[PDB]
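K.L.:
Sharing start_34.cif, mmCIF, C-alpha atoms and all ligand atoms:
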```
data_coords
loop_
_atom_site.label_atom_id
_atom_site.label_comp_id
_atom_site.auth_asym_id
_atom_site.auth_seq_id
_atom_site.Cartn_x
_atom_site.Cartn_y
_atom_site.Cartn_z
CA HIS A 4 -0.33 20.82 -4.70
CA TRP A 5 1.24 17.59 -5.62
CA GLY A 6 -0.05 14.73 -7.63
CA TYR A 7 0.81 12.24 -10.37
CA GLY A 8 0.98 14.55 -13.50
CA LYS A 9 3.60 16.00 -15.61
CA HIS A 10 3.57 19.08 -13.74
CA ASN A 11 3.20 17.93 -10.19
CA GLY A 12 4.18 14.23 -10.14
CA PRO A 13 6.95 12.16 -8.56
CA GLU A 14 9.68 13.72 -10.34
CA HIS A 15 8.77 17.21 -8.64
CA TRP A 16 8.20 16.06 -5.09
CA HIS A 17 11.80 16.55 -3.99
CA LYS A 18 11.32 20.35 -4.17
CA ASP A 19 8.88 20.24 -1.29
CA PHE A 20 10.22 17.09 0.41
CA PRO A 21 13.95 16.71 0.03
CA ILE A 22 13.65 13.29 1.67
CA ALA A 23 12.42 12.20 -1.85
CA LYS A 24 16.13 11.75 -2.66
CA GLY A 25 16.91 9.98 0.63
CA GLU A 26 18.58 6.77 1.55
CA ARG A 27 15.53 4.57 2.14
CA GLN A 28 12.85 5.62 -0.33
CA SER A 29 10.10 3.36 -1.68
CA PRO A 30 9.03 1.62 -3.78
CA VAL A 31 11.93 -0.40 -5.23
CA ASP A 32 12.44 -3.06 -7.81
CA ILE A 33 12.73 -6.48 -6.16
CA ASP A 34 15.57 -8.37 -7.90
CA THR A 35 14.54 -11.89 -7.03
CA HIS A 36 17.88 -13.39 -7.76
CA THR A 37 19.71 -11.05 -5.51
CA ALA A 38 17.28 -11.04 -2.51
CA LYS A 39 18.79 -13.27 0.15
CA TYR A 40 16.96 -15.89 1.99
CA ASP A 41 17.11 -14.97 5.69
CA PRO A 42 16.71 -17.76 8.26
CA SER A 43 16.75 -15.14 11.13
CA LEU A 44 13.19 -14.18 9.90
CA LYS A 45 10.54 -15.19 12.65
CA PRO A 46 7.30 -16.54 11.07
CA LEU A 47 4.55 -13.67 9.82
CA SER A 48 1.49 -13.51 11.93
CA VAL A 49 -1.59 -11.80 10.50
CA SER A 50 -4.41 -11.65 13.14
CA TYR A 51 -7.41 -10.06 11.50
CA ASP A 52 -10.27 -11.95 13.18
CA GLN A 53 -11.42 -9.00 15.30
CA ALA A 54 -10.98 -6.33 12.67
CA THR A 55 -13.45 -3.51 12.67
CA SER A 56 -13.70 -1.63 9.39
CA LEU A 57 -15.41 1.73 9.68
CA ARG A 58 -15.35 3.91 6.58
CA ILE A 59 -14.05 4.27 3.03
CA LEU A 60 -12.64 7.66 1.99
CA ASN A 61 -11.55 9.11 -1.35
CA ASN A 62 -8.57 11.19 -0.17
CA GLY A 63 -7.84 12.71 -3.53
CA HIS A 64 -5.01 10.36 -4.40
CA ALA A 65 -6.51 6.89 -3.52
CA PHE A 66 -9.28 5.45 -1.48
CA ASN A 67 -8.65 4.30 2.07
CA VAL A 68 -10.62 1.58 3.92
CA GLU A 69 -10.22 2.68 7.52
CA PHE A 70 -10.27 0.52 10.66
CA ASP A 71 -10.77 1.06 14.36
CA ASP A 72 -7.16 1.20 15.59
CA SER A 73 -8.06 2.14 19.20
CA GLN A 74 -7.43 -1.51 20.33
CA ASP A 75 -5.41 -4.53 19.15
CA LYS A 76 -8.12 -5.82 16.96
CA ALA A 77 -6.27 -6.42 13.68
CA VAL A 78 -2.57 -6.90 14.14
CA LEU A 79 0.59 -7.86 12.32
CA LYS A 80 3.49 -9.41 14.11
CA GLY A 81 6.44 -11.65 13.40
CA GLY A 82 8.46 -11.71 10.24
CA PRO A 83 10.99 -9.08 10.39
CA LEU A 84 9.01 -7.17 13.04
CA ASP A 85 9.77 -6.61 16.68
CA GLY A 86 6.59 -5.99 18.57
CA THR A 87 2.90 -5.49 17.50
CA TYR A 88 1.64 -3.44 14.63
CA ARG A 89 -2.04 -2.37 14.43
CA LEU A 90 -4.01 -2.10 11.19
CA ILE A 91 -5.19 1.46 10.51
CA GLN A 92 -6.16 1.34 6.82
CA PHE A 93 -5.67 -0.28 3.49
CA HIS A 94 -5.47 1.29 0.06
CA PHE A 95 -4.42 0.45 -3.48
CA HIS A 96 -2.24 1.89 -6.19
CA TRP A 97 -3.23 1.15 -9.77
CA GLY A 98 -2.74 1.96 -13.41
CA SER A 99 -4.54 3.37 -16.42
CA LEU A 100 -3.85 0.04 -18.15
CA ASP A 101 -3.45 -3.50 -16.91
CA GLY A 102 0.23 -3.43 -17.80
CA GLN A 103 1.17 -0.92 -15.06
CA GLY A 104 -0.06 0.18 -11.62
CA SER A 105 2.06 -1.50 -9.01
CA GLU A 106 4.66 0.47 -7.05
CA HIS A 107 7.01 -2.39 -6.30
CA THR A 108 8.22 -4.34 -9.31
CA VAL A 109 9.53 -7.90 -9.43
CA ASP A 110 12.47 -8.31 -11.79
CA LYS A 111 11.10 -5.16 -13.45
CA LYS A 112 7.61 -6.64 -13.89
CA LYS A 113 4.77 -4.24 -13.13
CA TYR A 114 1.50 -5.63 -11.82
CA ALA A 115 -1.90 -4.05 -12.52
CA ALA A 116 -2.26 -2.81 -8.94
CA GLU A 117 -0.86 -3.19 -5.44
CA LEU A 118 -2.72 -3.43 -2.12
CA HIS A 119 -1.16 -1.85 0.95
CA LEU A 120 -2.34 -2.86 4.44
CA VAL A 121 -0.88 -0.16 6.72
CA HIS A 122 -0.04 -0.92 10.35
CA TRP A 123 1.61 1.16 13.08
CA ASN A 124 3.85 0.06 15.93
CA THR A 125 1.92 0.10 19.15
CA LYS A 127 4.97 1.16 21.11
CA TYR A 128 4.44 4.65 19.70
CA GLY A 129 0.89 5.05 20.85
CA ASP A 130 -0.70 6.35 17.69
CA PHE A 131 -0.13 6.62 13.95
CA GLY A 132 1.03 10.22 14.03
CA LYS A 133 3.81 9.50 16.39
CA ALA A 134 4.71 6.21 14.68
CA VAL A 135 5.38 7.91 11.32
CA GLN A 136 8.18 9.87 13.04
CA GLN A 137 10.08 6.73 13.79
CA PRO A 138 12.24 4.51 11.58
CA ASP A 139 10.33 1.43 12.69
CA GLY A 140 6.96 3.13 13.02
CA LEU A 141 4.98 1.42 10.26
CA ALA A 142 4.69 -2.02 8.70
CA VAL A 143 3.06 -2.13 5.28
CA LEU A 144 1.96 -5.50 3.92
CA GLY A 145 2.03 -5.21 0.13
CA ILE A 146 0.09 -7.57 -2.17
CA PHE A 147 0.26 -7.51 -5.96
CA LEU A 148 -2.87 -7.64 -8.08
CA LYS A 149 -2.93 -9.36 -11.47
CA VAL A 150 -5.89 -9.32 -13.83
CA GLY A 151 -7.59 -12.72 -14.27
CA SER A 152 -10.29 -14.29 -12.19
CA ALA A 153 -12.38 -12.08 -9.93
CA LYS A 154 -11.45 -11.75 -6.27
CA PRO A 155 -14.71 -12.37 -4.44
CA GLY A 156 -13.60 -10.65 -1.28
CA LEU A 157 -12.86 -7.44 -3.20
CA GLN A 158 -16.34 -7.01 -4.63
CA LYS A 159 -17.75 -5.25 -1.60
CA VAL A 160 -15.03 -2.54 -1.99
CA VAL A 161 -15.59 -2.22 -5.74
CA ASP A 162 -19.34 -1.80 -5.44
CA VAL A 163 -19.20 1.18 -3.02
CA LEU A 164 -16.73 3.17 -5.16
CA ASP A 165 -19.54 4.97 -7.04
CA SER A 166 -20.50 6.55 -3.68
CA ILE A 167 -17.06 8.04 -3.18
CA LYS A 168 -16.28 9.06 -6.71
CA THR A 169 -14.68 12.42 -5.89
CA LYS A 170 -12.12 13.78 -3.51
CA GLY A 171 -13.30 14.14 0.05
CA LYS A 172 -16.29 11.84 -0.18
CA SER A 173 -16.63 9.06 2.37
CA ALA A 174 -19.10 6.29 3.09
CA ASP A 175 -19.78 3.92 5.93
CA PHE A 176 -17.93 0.64 5.39
CA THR A 177 -18.53 -1.67 8.29
CA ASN A 178 -18.12 -5.37 8.60
CA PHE A 179 -15.50 -5.76 5.84
CA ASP A 180 -13.11 -8.68 6.34
CA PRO A 181 -9.64 -7.93 4.92
CA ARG A 182 -8.74 -11.62 5.13
CA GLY A 183 -10.58 -12.01 1.85
CA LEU A 184 -7.88 -9.96 0.10
CA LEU A 185 -4.90 -12.20 1.07
CA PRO A 186 -3.26 -14.83 -1.18
CA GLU A 187 -2.72 -18.37 -0.07
CA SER A 188 0.96 -18.03 0.81
CA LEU A 189 2.56 -15.52 3.21
CA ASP A 190 6.04 -15.89 1.67
CA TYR A 191 7.52 -12.43 1.45
CA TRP A 192 10.33 -10.07 0.72
CA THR A 193 11.22 -7.30 3.21
CA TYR A 194 13.29 -4.18 3.29
CA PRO A 195 13.36 -0.76 5.05
CA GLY A 196 11.68 2.05 3.15
CA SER A 197 9.25 4.93 3.12
CA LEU A 198 5.78 6.19 2.41
CA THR A 199 5.34 6.69 -1.31
CA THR A 200 3.53 10.03 -1.34
CA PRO A 201 4.46 13.29 0.34
CA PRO A 202 5.69 13.57 3.04
CA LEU A 203 7.71 10.51 1.98
CA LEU A 204 8.65 9.65 5.57
CA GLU A 205 11.27 6.92 6.05
CA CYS A 206 9.22 5.03 8.62
CA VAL A 207 8.17 1.80 6.89
CA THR A 208 9.20 -1.81 7.22
CA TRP A 209 7.92 -3.15 3.89
CA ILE A 210 6.67 -6.75 3.71
CA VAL A 211 5.80 -7.59 0.07
CA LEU A 212 4.10 -10.89 -0.56
CA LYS A 213 5.45 -13.04 -3.37
CA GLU A 214 2.08 -14.47 -4.42
CA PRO A 215 -0.21 -12.02 -6.21
CA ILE A 216 -3.99 -12.10 -5.92
CA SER A 217 -6.10 -12.26 -9.05
CA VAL A 218 -8.84 -9.65 -9.65
CA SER A 219 -11.07 -9.34 -12.71
CA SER A 220 -10.74 -6.80 -15.44
CA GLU A 221 -14.11 -5.48 -14.37
CA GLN A 222 -12.98 -4.98 -10.76
CA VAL A 223 -9.89 -2.93 -11.74
CA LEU A 224 -11.98 -0.95 -14.23
CA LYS A 225 -14.02 0.26 -11.35
CA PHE A 226 -10.96 1.61 -9.58
CA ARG A 227 -10.26 3.64 -12.74
CA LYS A 228 -13.69 5.37 -12.59
CA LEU A 229 -12.72 7.16 -9.42
CA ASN A 230 -11.71 10.83 -9.64
CA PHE A 231 -8.75 12.79 -8.27
CA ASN A 232 -10.84 15.96 -8.40
CA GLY A 233 -13.54 17.17 -6.10
CA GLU A 234 -17.18 17.31 -7.10
CA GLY A 235 -17.92 20.32 -9.30
CA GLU A 236 -14.35 20.38 -10.69
CA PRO A 237 -13.18 19.08 -14.06
CA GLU A 238 -12.96 15.30 -14.10
CA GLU A 239 -9.60 13.71 -13.85
CA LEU A 240 -9.66 9.98 -13.58
CA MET A 241 -7.85 8.50 -10.60
CA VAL A 242 -5.33 6.33 -12.45
CA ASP A 243 -1.58 5.87 -12.32
CA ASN A 244 -1.36 6.78 -8.61
CA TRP A 245 1.89 4.82 -8.22
CA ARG A 246 5.32 6.19 -7.51
CA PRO A 247 7.94 4.50 -9.75
CA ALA A 248 10.79 2.46 -8.30
CA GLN A 249 13.48 4.37 -6.48
CA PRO A 250 17.16 3.63 -6.05
CA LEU A 251 17.92 0.83 -3.65
CA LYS A 252 21.07 2.56 -2.29
CA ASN A 253 22.60 0.81 0.63
CA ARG A 254 19.75 -1.68 1.27
CA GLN A 255 19.37 -5.38 1.12
CA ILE A 256 16.06 -7.07 0.31
CA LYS A 257 15.57 -10.22 2.35
CA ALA A 258 13.39 -13.24 1.42
CA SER A 259 11.45 -15.30 3.86
CA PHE A 260 11.59 -18.34 1.49
CA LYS A 261 14.14 -20.18 -0.58
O1 LIG B 1 2.64 5.16 1.03
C1 LIG B 1 1.53 5.50 0.49
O2 LIG B 1 0.73 4.76 -0.16
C2 LIG B 1 1.16 6.93 0.69
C3 LIG B 1 0.63 7.18 2.11
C4 LIG B 1 0.37 8.45 2.46
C5 LIG B 1 -0.14 8.77 3.71
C6 LIG B 1 -0.37 7.77 4.61
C7 LIG B 1 -0.20 6.48 4.18
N1 LIG B 1 -0.37 5.54 5.06
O3 LIG B 1 0.45 4.57 4.87
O4 LIG B 1 -1.37 5.82 6.07
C8 LIG B 1 0.30 6.14 2.95
NI NI B 2 -0.09 20.67 -2.27
NI NI B 3 0.70 2.75 -0.56
#
```
Kindly return the structure encoded in the file as structure tokens.
P.N.:
Amino acid sequence: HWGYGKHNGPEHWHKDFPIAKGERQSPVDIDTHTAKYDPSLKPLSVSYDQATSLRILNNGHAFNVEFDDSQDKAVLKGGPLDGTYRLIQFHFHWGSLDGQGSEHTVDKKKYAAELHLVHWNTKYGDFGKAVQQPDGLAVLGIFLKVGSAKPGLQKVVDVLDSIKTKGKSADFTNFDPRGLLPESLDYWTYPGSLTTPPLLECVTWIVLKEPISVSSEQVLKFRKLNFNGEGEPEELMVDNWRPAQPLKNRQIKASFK
């Protein structure tokens, strides 16, 4: 019964999941000066026109916006990827304060939040099988800074009062995740892991260089969510980020000079 506290947070997870101390754990600090520009990288293709959002769920650690992943409706290809990766969900990690919240850091800078668009490799047939493979997932990561509002985020923010507590869900159809992307698709990439238990080393990370801007008011609404279930003491869902882990024997590659 893991979480983000003193007693059950990141620094404890290794007792249940020894892979927490593995060779390709995420997130990491992105040292921009040492990431190498890679010309082998094929261009990134985000094809979200046919996306079908279905539901938003408070899973006790975050909220997930879930998609129909039963066809190639919203897919990621190119970049560092071989093959086609299907969108299953997106989520965020965020802080108690604007000065922290992201999982990846950029030259040690922490952003207020980080958006993760999670995709699985269609060669493995479903998500559950894909997470068992070293190239099973592709996560597109987007930093959030506090400034102007992000108009395409407001639909997500407004429904959060309906899923305040763990295990609550609500219908969430017709949401277009294209409205959460920055202008540029320049990126860094490296091999890593999921960042909660079970910490599986199945992710090709693709972290965009350009953050999106969200308003103070939008991020404040994330911080009104609860880790707890209804009828349990209130514990605000904040600081649901794992800190940076050792890079070990990995290289971060840049798609841009
Ligand atoms: O890496 C995370 O944010 C934790 C996590 C946990 C379980 C599933 C996830 N997913 O990518 O579907 C992500
Ligand atoms: Ni547990
Ligand atoms: Ni994540």
K.L.:
Neighbouring residues of ligand LIG 1 (chain B) are defined here as those with any atom at most 7 Å from a ligand atom, counting only C-alpha atoms and all ligand atoms; list them as number ranges by chain.
P.N.:
A: 92, 119, 121, 197-201
K.L.:
Would you write out, as CSV, a table of all residues in region 136-196 of chain A that have an atom no more than 12 Å from an atom of region 20-44 of chain A, listing for each the closest atom pair and the distance in Å to one decimal, considering all atoms listed in the file and ordering rows by chain and rising residue number?
P.N.:
```
residue,atom,partner,partner_atom,distance
A:138,CA,A:27,CA,10.0
A:143,CA,A:29,CA,11.3
A:145,CA,A:30,CA,10.5
A:190,CA,A:40,CA,10.9
A:191,CA,A:40,CA,10.1
A:192,CA,A:38,CA,7.7
A:193,CA,A:38,CA,9.1
A:194,CA,A:27,CA,9.1
A:195,CA,A:27,CA,6.4
A:196,CA,A:27,CA,4.7
```
K.L.:
May I have the residues within 12 Å of residue 12 (chain A) as a list in words, using all atoms listed in the file and disregarding those fewer than 2 positions away in the same chain?
P.N.:
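Non-adjacent residues within range: residues 4, 5, 6, 7, 8, 9, 10, 14, 15, 16, 17, 18, 19, 23, 64, 199, 200, 201, 243, 244, 245, 246 and 247 of chain A.
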K.L.:
Have a look at CA of residue 102 (chain A) and CA of residue 234 (chain A) and let me know their distance in Å, one decimal.
P.N.:
29.1 Å
K.L.:
Find the spatial neighbours of region 157-173 of chain A, counting only C-alpha atoms, within a cut-off of 6 Å - ignore same-chain residues fewer than 2 positions away - and output them as a list in words.
P.N.:
residues 59, 60, 61, 62, 63, 154, 155, 229, 230, 231, 232, 233 and 234 of chain A
K.L.:
Save the residues we just selected, C-alpha atoms, as a PDB file, in the frame of the given file?
P.N.:
```pdb
ATOM      1  CA  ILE A  59     -14.050   4.270   3.030  1.00  0.00           C
ATOM      2  CA  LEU A  60     -12.640   7.660   1.990  1.00  0.00           C
ATOM      3  CA  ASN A  61     -11.550   9.110  -1.350  1.00  0.00           C
ATOM      4  CA  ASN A  62      -8.570  11.190  -0.170  1.00  0.00           C
ATOM      5  CA  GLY A  63      -7.840  12.710  -3.530  1.00  0.00           C
ATOM      6  CA  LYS A 154     -11.450 -11.750  -6.270  1.00  0.00           C
ATOM      7  CA  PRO A 155     -14.710 -12.370  -4.440  1.00  0.00           C
ATOM      8  CA  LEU A 229     -12.720   7.160  -9.420  1.00  0.00           C
ATOM      9  CA  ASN A 230     -11.710  10.830  -9.640  1.00  0.00           C
ATOM     10  CA  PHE A 231      -8.750  12.790  -8.270  1.00  0.00           C
ATOM     11  CA  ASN A 232     -10.840  15.960  -8.400  1.00  0.00           C
ATOM     12  CA  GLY A 233     -13.540  17.170  -6.100  1.00  0.00           C
ATOM     13  CA  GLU A 234     -17.180  17.310  -7.100  1.00  0.00           C
TER      14      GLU A 234
END
```
K.L.:
Can you tell me how far CA of residue 101 (chain A) sits from CA of residue 114 (chain A), in Å to one decimal?
P.N.:
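Here the two named atoms are 7.4 Å from each other.
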K.L.:
So which one's closest to ligand NI 3 (chain B), A:81, A:104, A:250, A:86? Using only C-alpha atoms and all ligand atoms, please.
P.N.:
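Under the stated criterion, the closest residue is A:104.
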